[PDB]
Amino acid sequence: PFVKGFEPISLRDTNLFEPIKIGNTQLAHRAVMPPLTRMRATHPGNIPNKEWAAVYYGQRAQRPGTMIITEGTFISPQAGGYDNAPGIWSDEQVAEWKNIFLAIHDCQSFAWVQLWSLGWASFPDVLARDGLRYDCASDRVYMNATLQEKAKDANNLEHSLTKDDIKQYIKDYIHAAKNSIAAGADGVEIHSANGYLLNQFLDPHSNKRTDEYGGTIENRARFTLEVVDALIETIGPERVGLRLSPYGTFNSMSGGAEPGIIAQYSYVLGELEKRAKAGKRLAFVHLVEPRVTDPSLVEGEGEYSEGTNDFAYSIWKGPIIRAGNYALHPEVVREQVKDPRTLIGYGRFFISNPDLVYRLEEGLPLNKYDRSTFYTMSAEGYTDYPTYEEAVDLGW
């Protein structure tokens, strides 16, 4: 059914429907599908779904010139721990990714692989099954006492990364980035947000290290910036974006309650702009908004009111993607896209609206999303959300 209380506004007349160059790609409009974990990949081997994923992505690529960022994709076994999320380290994984990318390119849209590493958000017992470590910035902090218990129950306690461990993650990012590009992706997005491994190094709650990877703003930023630099130099800066969530509390991050958190992110962005000034500008920065501090909460819940991402615009001068409860607030988008380098990521309503871009252009009602099929091994709730016309052919 359609979202009941929703009054659509047509955005055809705004910068949301003006083209923009992002890296090597040429977008027709600035409505971006952000990374969305859907757990349709098959076990063993974290293989993308061969029946439905190319259909799902192709449906949502239908408007030519759409930028699509894939679900989080593991760079290596050690970086994972979720059996039904995809990887891109292996030949069999890349075999299906080529077909997904072909489905998006057949629609004249673009595909960016979000490269993922889980750190303390992983499952210690699944990792142990596979002979893998339970990795974190500092083993003196756990997400919660439950994951602490399961960690001890699996005899796989948190492992503070060594310097050699970090170097191996950097190699795995390079490997996964190279596989992404050889498979046909137009670029990659380094996931450094939402409390996963790289965010765990940025945040002073998770990162209590005393080597060169913690203890200061500069040290906490080092792992993320080394991944950035490694990929700049192997696939080029125009094929690399970075995702950050300054105000997020998901996965036990500090958010705005830490008064030092804007300095931490301001340092990362300043370092990105320095690289751009020396001729190596990343394709984009992708920010999660304080509008959504936790994506497991319904729209309007978990909204942080005492901070904004405006600081980013004074530091980073390249494209910025913003994401968080924009689908139901066209009045906010209308304002924010007056800035000529701003794109809007639409998460949960891209799940439910394959023709979301058309609906935003024409101001049409939106399909409700069904939270119970966000993560089921099913085409139901994946590829069977109707387009607007189909929805009217159904009574909605």
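Note that residue numbering begins at 1 and tracks the sequence as displayed.
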{"item": "Stretch exceeding the other in mean C-alpha B-factor - 324-332, 66-74", "value": "324-332"}
{"item": "Comparing 97-105 with 302-310, the one whose average Cα B-factor in the PDB entry is higher", "value": "302-310"}
{"item": "Residue selected from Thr383, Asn15, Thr376, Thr25 by maximal Cα B factor", "value": "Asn15"}
{"item": "Selection by C-alpha B-factor (highest) of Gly80, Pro246, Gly236, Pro124", "value": "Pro124"}
{"item": "Relative C-alpha B-factor of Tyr196, binned into the chain's lowest, middle or highest third", "value": "lowest"}
{"item": "For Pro48, the third of its chain into which the C-alpha B factor falls", "value": "highest"}
{"item": "CA B-factor placement of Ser254, once the chain's modelled residues are sorted into thirds", "value": "middle"}
{"item": "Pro340 by Cα B-factor - lowest, middle or highest third of the modelled chain", "value": "highest"}
{"item": "Position of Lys171 among the chain's modelled residues by C-alpha B-factor, lowest, middle or highest third", "value": "lowest"}
